[PDB]
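K.L.:
Handing you a structure now.
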2 protein chains.
Amino acid sequence: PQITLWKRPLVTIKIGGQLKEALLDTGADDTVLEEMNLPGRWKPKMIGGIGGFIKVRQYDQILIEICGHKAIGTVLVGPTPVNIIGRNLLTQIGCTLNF
Amino acid sequence: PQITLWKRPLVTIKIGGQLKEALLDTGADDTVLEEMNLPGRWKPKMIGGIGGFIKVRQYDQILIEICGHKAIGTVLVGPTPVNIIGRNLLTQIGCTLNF
Ligand SMILES: COC(=O)N[C@H](C(=O)N[C@@H](Cc1ccccc1)[C@@H](O)C[C@H](Cc1ccccc1)NC(=O)O[C@H]1CO[C@H]2OCC[C@H]21)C1CCCC1
């Protein structure tokens with residue numbers, strides 16, 4: 001689809017069989033989701049944002065479905081204020097900016 | 001133009017006479033530029049994201065040119081790690097996400 005930005009570009013995603021709302025975020029290198037249980041192994045990681053750094057759990061090769069498009073890649077889980085879909089997955093679904 | 005997301009979507013902007021590189025960020029409500037000495041009145045403001053909040057100065061009705069496209073709105077200034085063009089100005093240049 002084509003999405004304008006008069007409001008936040010929120011979309012429904014599916015991860016681990018659960019539905020969630022997430023923000024299509026061109027300003028994020030990485031994808032960061034609020035605290036949740038995911039299968040598979042995980043390793044601690046740090047990521048930095050506008051206000052500083054937070055501790056996250058890095059899950060690799062996780063399947064996520066974004067508006068019906070499938071992606072499999074790195075998902076960070078931690079105390080982010082909003083579920084954000086970053087460029088690592090936006091590229092997998094073929095997302096571009098246009099103006 | 002069309003901007004892919006393999007790398008950070010950085011573009012040249014023109015503000016208050018100066019040229020700068022800024023991130024086109026669909027995940028930002030607002031536009032924040034690193035510390036610069038703009039003239040006129042301002043109001044204090046706090047903006048937040050991953051990691052917490054930073055204190056910025058809010059300037060109203062500032063002109064910014066983004067790859068030849070002009071926009072006028074609120075521009076925040078403070079200790080941001082990166083210059084960020086947010087939705088308040090991206091809507092004005094007709095920017096969309098497309099996949
Ligand atoms: C209403 O609240 C807002 O609008 N918050 C805006 C805001 O923080 N938006 C976030 C997404 C978001 C939206 C709501 C709540 C929490 C997070 C991103 O879009 C922009 C930041 C910019 C950034 C880039 C580099 C270093 C530091 C910062 N990317 C980000 O943190 O990315 C992380 C993940 O991936 C890693 O790559 C980059 C760095 C890592 C601010 C921005 C300026 C105006 C408000």
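In the structure tokens, chains take the letters A, B, ... in the order shown, each chain's residues start at 1, and ligands count up from 1 in the order shown.
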Wanna dump the chain A-ligand 1 contacts at 7 Å for me, each residue with its shortest atom pair and the distance in Å to one decimal, counting only C-alpha atoms and all ligand atoms, ordered by chain and number, as CSV?
P.N.:
residue,atom,partner,partner_atom_place_in_ligand_line,distance
A:25,CA,ligand 1,19 (O),5.2
A:26,CA,ligand 1,19 (O),6.4
A:27,CA,ligand 1,19 (O),4.2
A:28,CA,ligand 1,32 (O),3.6
A:29,CA,ligand 1,37 (O),3.6
A:30,CA,ligand 1,35 (O),3.9
A:31,CA,ligand 1,35 (O),6.1
A:32,CA,ligand 1,34 (C),6.3
A:47,CA,ligand 1,40 (C),5.7
A:48,CA,ligand 1,40 (C),5.2
A:49,CA,ligand 1,31 (O),3.6
A:50,CA,ligand 1,28 (C),3.9
A:80,CA,ligand 1,16 (C),6.1
A:81,CA,ligand 1,16 (C),5.1
A:82,CA,ligand 1,15 (C),5.1
A:84,CA,ligand 1,11 (C),6.3
A:86,CA,ligand 1,35 (O),6.1
K.L.:
Go through chain B residue by residue and, counting only C-alpha atoms, keep those with an atom at most 6 Å from chain A; for each kept residue give the shortest atom pair and its distance in Å to one decimal, ordered by chain and increasing number, as CSV.
P.N.:
residue,atom,partner,partner_atom,distance
B:1,CA,A:99,CA,5.7
B:2,CA,A:98,CA,4.5
B:3,CA,A:97,CA,5.0
B:4,CA,A:96,CA,4.9
B:5,CA,A:87,CA,5.9
B:25,CA,A:27,CA,4.4
B:26,CA,A:25,CA,5.3
B:27,CA,A:25,CA,4.4
B:49,CA,A:50,CA,5.4
B:50,CA,A:49,CA,4.5
B:51,CA,A:52,CA,4.0
B:52,CA,A:51,CA,4.0
B:53,CA,A:51,CA,4.8
B:54,CA,A:51,CA,5.9
B:87,CA,A:5,CA,5.8
B:91,CA,A:5,CA,5.6
B:94,CA,A:99,CA,5.4
B:95,CA,A:99,CA,4.4
B:96,CA,A:4,CA,4.8
B:97,CA,A:97,CA,4.9
B:98,CA,A:2,CA,4.6
B:99,CA,A:95,CA,4.5
K.L.:
Would you mind exporting the chosen residues as a compact mmCIF listing (two decimals), in the first residue's frame, restricted to N, CA and C atoms?
P.N.:
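Writing done, so here's part25.txt:
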# COMPACT_ATOMS: atom_id res chain seq x y z
N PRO B 1 11.62 12.15 -5.22
CA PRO B 1 12.44 10.95 -5.42
C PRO B 1 11.96 9.76 -4.61
N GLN B 2 12.62 8.62 -4.78
CA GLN B 2 12.36 7.43 -4.00
C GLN B 2 13.61 7.10 -3.19
N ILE B 3 13.43 6.86 -1.90
CA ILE B 3 14.55 6.62 -1.00
C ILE B 3 14.39 5.22 -0.42
N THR B 4 15.35 4.35 -0.71
CA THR B 4 15.36 3.02 -0.15
C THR B 4 15.88 3.07 1.29
N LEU B 5 15.72 1.95 1.99
CA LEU B 5 15.98 1.90 3.42
C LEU B 5 17.14 0.98 3.77
N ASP B 25 12.24 10.50 9.19
CA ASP B 25 11.85 9.57 10.24
C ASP B 25 10.33 9.52 10.37
N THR B 26 9.73 8.48 9.79
CA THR B 26 8.29 8.25 9.92
C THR B 26 7.89 7.90 11.35
N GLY B 27 8.84 7.51 12.18
CA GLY B 27 8.58 7.20 13.57
C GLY B 27 8.71 8.38 14.51
N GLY B 49 11.66 9.21 23.69
CA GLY B 49 11.66 8.02 22.87
C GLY B 49 12.35 6.90 23.63
N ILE B 50 13.02 6.00 22.92
CA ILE B 50 13.78 4.95 23.59
C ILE B 50 14.85 5.60 24.45
N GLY B 51 14.93 5.17 25.70
CA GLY B 51 15.94 5.65 26.61
C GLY B 51 15.51 6.79 27.51
N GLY B 52 14.49 7.55 27.12
CA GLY B 52 14.01 8.63 27.96
C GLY B 52 13.73 9.92 27.21
N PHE B 53 13.82 11.04 27.92
CA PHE B 53 13.48 12.35 27.40
C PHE B 53 14.70 13.26 27.34
N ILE B 54 14.67 14.21 26.42
CA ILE B 54 15.65 15.28 26.36
C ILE B 54 14.91 16.61 26.33
N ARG B 87 7.10 13.67 11.18
CA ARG B 87 5.89 13.65 10.38
C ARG B 87 5.29 15.04 10.21
N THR B 91 4.69 15.27 6.10
CA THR B 91 3.38 15.37 5.46
C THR B 91 3.34 16.53 4.48
N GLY B 94 4.63 15.85 1.10
CA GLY B 94 3.93 14.78 0.42
C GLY B 94 4.62 13.44 0.51
N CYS B 95 5.33 13.18 1.61
CA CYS B 95 6.09 11.95 1.78
C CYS B 95 5.18 10.81 2.21
N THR B 96 5.37 9.65 1.58
CA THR B 96 4.61 8.45 1.91
C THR B 96 5.55 7.26 2.08
N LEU B 97 5.08 6.27 2.82
CA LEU B 97 5.66 4.94 2.82
C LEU B 97 4.94 4.10 1.78
N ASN B 98 5.69 3.24 1.10
CA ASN B 98 5.15 2.46 0.00
C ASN B 98 5.77 1.08 0.01
N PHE B 99 4.94 0.05 0.10
CA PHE B 99 5.38 -1.33 -0.08
C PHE B 99 4.22 -2.20 -0.59
K.L.:
What does the structure give for the distance between atom CA of residue 21 of chain A and atom CA of residue 62 of chain A, in Å to one decimal?
P.N.:
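Atom CA of residue 21 of chain A sits 16.8 Å away from atom CA of residue 62 of chain A.
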K.L.:
Expressed in Å to a single decimal, how great is the separation between atom CA of residue 42 of chain B and atom CA of residue 73 of chain B?
P.N.:
13.1 Å
K.L.:
Could you tell me how far atom CA of residue 17 of chain A lies from atom CA of residue 38 of chain A, in Å and to one decimal?
P.N.:
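Computing the Euclidean distance for atom CA of residue 17 of chain A and atom CA of residue 38 of chain A yields 9.9 Å.
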K.L.:
Would you pick out the contacts of residue 45 of chain B at 8 Å or less, using only C-alpha atoms, so that residues sharing its chain but fewer than 6 positions from it are not included, and give the list as a PyMOL selection string?
P.N.:
chain B and resi 55-58
K.L.:
Measuring between only C-alpha atoms, which one of A:40, A:76, A:71, A:66 shows the shortest distance to residue 22 of chain A?
P.N.:
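The closest residue to residue 22 of chain A is A:66.
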K.L.:
Give the alpha helix (DSSP H) residues of chain A, as assigned by DSSP on the backbone, as a ChimeraX atom specification.
P.N.:
/A:87-90
K.L.:
Could you write those residues out with N, CA, C and O atoms, as a PDB file, in the first residue's frame?
P.N.:
ATOM      1  N   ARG A  87      14.482  -0.556   9.970  1.00  0.00           N
ATOM      2  CA  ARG A  87      14.871  -0.759   8.579  1.00  0.00           C
ATOM      3  C   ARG A  87      15.308  -2.192   8.293  1.00  0.00           C
ATOM      4  O   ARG A  87      15.249  -2.623   7.137  1.00  0.00           O
ATOM      5  N   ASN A  88      15.745  -2.944   9.305  1.00  0.00           N
ATOM      6  CA  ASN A  88      16.186  -4.312   9.044  1.00  0.00           C
ATOM      7  C   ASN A  88      15.049  -5.170   8.496  1.00  0.00           C
ATOM      8  O   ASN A  88      15.289  -6.071   7.685  1.00  0.00           O
ATOM      9  N   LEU A  89      13.813  -4.907   8.914  1.00  0.00           N
ATOM     10  CA  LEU A  89      12.650  -5.604   8.374  1.00  0.00           C
ATOM     11  C   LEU A  89      11.911  -4.810   7.306  1.00  0.00           C
ATOM     12  O   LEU A  89      11.332  -5.414   6.393  1.00  0.00           O
ATOM     13  N   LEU A  90      11.902  -3.476   7.394  1.00  0.00           N
ATOM     14  CA  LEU A  90      11.260  -2.682   6.352  1.00  0.00           C
ATOM     15  C   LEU A  90      11.866  -2.964   4.983  1.00  0.00           C
ATOM     16  O   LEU A  90      11.156  -2.914   3.972  1.00  0.00           O
TER      17      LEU A  90
END
K.L.:
Report the residues of chain A whose backbone DSSP state falls under strand (DSSP E or B), written as number ranges by chain.
P.N.:
A: 2-3, 10-15, 18-24, 32-33, 43-48, 53-66, 69-77, 84-85, 96-98
